[PDB]
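K.L.:
Below is the file query-v9.txt, which contains compact mmCIF, C-alpha atoms (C1' of nucleotides).
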```txt
# COMPACT_ATOMS: atom_id res chain seq x y z
CA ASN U 1 114.42 134.23 119.81
CA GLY U 2 116.14 136.55 122.28
CA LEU U 3 117.51 139.17 119.90
CA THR U 4 116.63 142.76 120.72
CA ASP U 5 115.38 145.27 118.17
CA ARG U 6 118.86 146.57 117.34
CA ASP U 7 120.13 143.02 116.80
CA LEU U 8 117.13 142.32 114.57
CA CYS U 9 117.83 145.42 112.47
CA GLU U 10 121.55 144.61 112.20
CA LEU U 11 120.52 141.15 110.97
CA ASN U 12 118.19 142.55 108.24
CA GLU U 13 114.97 141.41 109.92
CA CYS U 14 112.02 143.64 110.73
CA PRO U 15 111.47 144.13 114.47
CA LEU U 16 107.74 144.34 113.83
CA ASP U 17 107.63 140.98 112.01
CA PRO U 18 105.39 138.76 114.16
CA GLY U 19 107.03 135.56 112.97
CA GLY U 20 104.97 132.43 113.31
CA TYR U 21 105.69 131.18 109.80
CA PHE U 22 108.11 128.74 108.20
CA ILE U 23 110.47 129.44 105.30
CA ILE U 24 110.32 126.59 102.79
CA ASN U 25 112.39 126.94 99.58
CA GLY U 26 112.33 130.72 100.29
CA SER U 27 108.53 130.95 100.48
CA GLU U 28 107.04 132.16 103.77
CA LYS U 29 104.62 129.30 104.43
CA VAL U 30 102.01 129.68 107.19
CA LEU U 31 99.99 126.87 108.72
CA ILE U 32 96.31 127.69 109.12
CA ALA U 33 94.54 126.19 112.11
CA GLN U 34 92.23 123.39 111.02
CA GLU U 35 88.91 122.90 112.75
CA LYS U 36 87.91 119.41 113.78
CA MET U 37 85.21 117.77 115.85
CA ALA U 38 86.19 117.42 119.49
CA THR U 39 87.60 114.03 120.34
CA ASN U 40 86.75 111.74 123.26
CA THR U 41 83.29 113.28 123.80
CA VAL U 42 79.91 111.66 123.29
CA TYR U 43 77.74 113.55 120.79
CA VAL U 44 74.11 112.80 119.96
CA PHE U 45 72.91 114.15 116.61
CA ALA U 46 69.67 114.42 114.66
CA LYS U 47 69.99 112.31 111.50
CA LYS U 48 66.48 112.63 110.02
CA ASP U 49 67.67 111.64 106.51
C1' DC K 1 28.15 65.25 82.69
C1' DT K 2 27.59 68.99 86.33
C1' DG K 3 28.76 71.81 90.51
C1' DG K 4 31.36 73.12 95.49
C1' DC K 5 35.71 73.28 97.76
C1' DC K 6 40.96 73.65 98.97
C1' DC K 7 45.64 72.98 96.86
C1' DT K 8 50.24 73.76 94.42
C1' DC K 9 51.63 76.92 91.72
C1' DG K 10 52.21 81.40 88.05
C1' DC K 11 52.26 85.72 87.95
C1' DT K 12 51.90 90.53 89.55
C1' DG K 13 52.27 94.91 92.31
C1' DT K 14 54.70 96.88 95.59
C1' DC K 15 58.44 98.04 98.51
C1' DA K 16 63.21 98.43 98.97
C1' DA K 17 68.08 99.03 98.09
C1' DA K 18 72.11 99.82 95.11
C1' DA K 19 73.70 102.57 91.59
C1' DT K 20 73.87 107.06 88.93
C1' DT K 21 74.83 112.13 87.28
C1' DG K 22 75.21 117.19 88.29
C1' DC K 23 76.09 120.66 91.56
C1' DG K 24 76.60 129.78 88.40
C1' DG K 25 79.66 133.03 85.34
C1' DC K 26 83.76 135.55 84.19
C1' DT K 27 88.79 137.24 86.03
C1' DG K 28 93.51 137.97 88.10
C1' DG K 29 97.59 136.29 90.91
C1' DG K 30 101.18 132.87 92.96
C1' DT K 31 103.47 128.14 93.82
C1' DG K 32 104.44 123.46 93.57
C1' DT K 33 105.63 118.83 91.07
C1' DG K 34 106.86 114.67 88.32
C1' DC K 35 107.23 97.29 92.38
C1' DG K 36 108.83 93.34 95.40
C1' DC K 37 110.37 88.31 96.90
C1' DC K 38 113.19 84.43 95.86
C1' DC K 39 115.35 81.80 92.66
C1' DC K 40 118.53 80.40 88.38
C1' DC K 41 122.06 81.63 84.82
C1' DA K 42 126.29 84.18 82.69
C1' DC K 43 130.24 86.89 83.60
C1' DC K 44 133.95 89.01 86.36
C1' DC K 45 136.86 89.50 90.66
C1' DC K 46 139.71 87.66 94.12
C1' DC K 47 141.99 83.87 96.13
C1' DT K 48 147.71 83.05 95.52
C1' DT K 49 153.03 83.96 94.29
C1' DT K 50 156.86 87.30 92.92
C1' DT K 51 159.46 92.07 93.44
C1' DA K 52 160.58 97.16 93.53
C1' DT K 53 158.76 101.66 95.55
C1' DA K 54 156.89 104.96 100.00
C1' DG K 55 153.26 107.11 102.95
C1' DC K 56 150.08 105.51 105.93
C1' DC K 57 148.41 102.97 109.74
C1' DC K 58 147.58 98.81 113.07
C1' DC K 59 149.58 96.40 116.69
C1' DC K 60 152.70 95.32 120.23
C1' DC K 61 156.29 96.82 123.08
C1' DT K 62 158.41 99.91 126.19
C1' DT K 63 158.91 103.97 128.97
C1' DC K 64 157.70 106.53 133.16
```
The structure given in the file should be rewritten as structure tokens.
P.N.:
Amino acid sequence: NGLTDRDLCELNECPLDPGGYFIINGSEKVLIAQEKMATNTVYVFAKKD
DNA sequence: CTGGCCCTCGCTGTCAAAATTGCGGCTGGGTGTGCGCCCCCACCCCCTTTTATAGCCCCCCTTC
């Protein structure tokens, strides 16, 4: 979190690594944002079928 | 026997809904993963006594 660039290098981690991913069984797993319809809002659609 | 009319009823067309199968072609990577409850019946363990052994540990007592 608070490590500076030198501390990151000494710890064998790239300073330029953005992070934002988990490490599960050694695999860098990233969660992709999932789109969904907005909740709590009234929506009137055009079912013609 | 013949003919005019309205009736229950038999059958049909028509509309509608539920049910049904398929949705391009090759390819290359990587990465992961594999009941349930409640009851009845056999079988085994602990209840108890004895005694030696010693480290460990609970409990009560005592100190200040």
K.L.:
Specify as a VMD selection string all residues of chain K found within 12 Å of chain U, counting all atoms listed in the file.
P.N.:
chain K and resid 30 to 32
K.L.:
Can you measure atom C1' of residue 22 of chain K to atom CA of residue 47 of chain U for me? One decimal in Å is fine.
P.N.:
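We find that atom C1' of residue 22 of chain K and atom CA of residue 47 of chain U lie 24.3 Å from each other.
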K.L.:
Hey, can you check how far atom CA of residue 2 of chain U sits from atom CA of residue 14 of chain U?
P.N.:
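The value is 14.2 Å.
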K.L.:
Could you give me the centre and size, in Å to one decimal, of an axis-aligned box around all listed atoms of segment 12-15 of chain U with 4 Å added on every side, as JSON?
P.N.:
```
{"center_x": 114.8, "center_y": 142.8, "center_z": 111.4, "size_x": 14.7, "size_y": 10.7, "size_z": 14.2}
```
